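First structure 1, then structure 2: two forms of the same chain, each alone, as structure tokens.
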Structure 1
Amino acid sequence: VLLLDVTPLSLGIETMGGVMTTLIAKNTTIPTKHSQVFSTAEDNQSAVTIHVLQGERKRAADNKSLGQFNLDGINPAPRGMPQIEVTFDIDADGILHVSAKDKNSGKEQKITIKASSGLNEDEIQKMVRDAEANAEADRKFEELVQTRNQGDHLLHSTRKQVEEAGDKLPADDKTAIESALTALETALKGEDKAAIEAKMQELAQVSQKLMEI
């Protein structure tokens, strides 16, 4: 065949830390369908927002928003435990159906997005050009986000170990752990990946007695 219908830009959702995670790649032939399981970013989360994005940038905010919806009634559970199946399906007429379903509770929500939505030919070409012109910056942002998400979880896991250990943790040690938690917290707000990893290292270096308990 010398012609066919494709979806012209990647399609996906926003995931933890402000990144676009792709479910259908640019230039995929239509009709097509893809599903992927996701989970919750923090402990006890009862809801997620599925923000539907079109484009090639790694920052969710730099992509075209096609719509959004919430899924709620998830039983509050530890981060990473809920199994939320997200499905993008584009039919032969370019209509995009997105659904999210929480496996445990069975709760599901969906939206339908018309084929005329999204970026036009000029904006499609500008998106591919802008993505390439910013390829290194976007790679650096993705790595930063990965590191931030790891430190964010190290803040939460460490703090709970402090709780559980209670009196079994020497006051000297709680002191040093507390200050390193605050320094990690501050670093996570910045954009320097090595600074964050360094505060993670400093925190490990005062958590050894906590490690053993």
Structure 2
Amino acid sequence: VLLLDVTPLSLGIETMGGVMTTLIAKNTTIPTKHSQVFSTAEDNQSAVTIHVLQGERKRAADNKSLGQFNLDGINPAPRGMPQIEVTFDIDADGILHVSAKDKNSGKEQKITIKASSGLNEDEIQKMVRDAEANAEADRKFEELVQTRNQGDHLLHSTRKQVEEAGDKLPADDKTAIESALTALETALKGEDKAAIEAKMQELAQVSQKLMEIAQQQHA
């Protein structure tokens, strides 16, 4: 063969914090297919929005939106627990099929995106150049979002454990833990990554006894 069909730009979805998560890497030979299991961002979330992106930037807002669709009827469960398999499938004709399937409810939804969607060759070159020129600022964005997501998990799971420990947690500890949770929740609302890390570390440092109690419960 003298030529191959290949993807000029990465293809993926928007994930928690406004990030583009890639499912098909730039320069993949098509036909190609790829699935990845994702989940909900909140407790008891009953739907997910699949927002399909083309491009090389880390902020989903700086990529090219191809379309979106919702999958409904996800049964009540803690955040991160439902199993939503998302599949990108690009055929020999450059048509992209994107689907989401809830492995538990059996529900599925899908869309079809035309070969002619997304950026033209000029916009493709500009997007590559732009990603290169903002590589630092994109990397800092992605890392603030990861830190925020790790801090959010630490916060809600530490709340969950306070609740389970009940009066087994001594008064002074509950106080120090409440103080640290408040400072942490305030930091997660800012855009200062070192501050979030400082506050997560502070929560870690006053949680020793809470964690011992979780050990006793589940052990």
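When a residue number appears, read it as a position in the sequence of structure 1, where counting begins at 1. Basically, rigid core = biggest C-alpha set you can superpose within 1.5 Å across the two forms.
- Two rigid parts turn against each other between structure 1 and structure 2; the point where they join, the hinge, is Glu142 in the list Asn44, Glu142, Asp172, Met81.
- Relative to the larger rigid part, the smaller part rotates 12 degrees between structure 1 and structure 2, based on C-alpha fits.
- In the core-aligned comparison between structure 1 and structure 2, the Cα atom of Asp152 sits 2.0 Å away from its counterpart.
- Per-residue C-alpha deviation between structure 1 and structure 2, core superposed: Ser39, 0.9 Å.
- Overlaying the rigid core between structure 1 and structure 2 leaves the Cα of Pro76 displaced by 1.2 angstrom.
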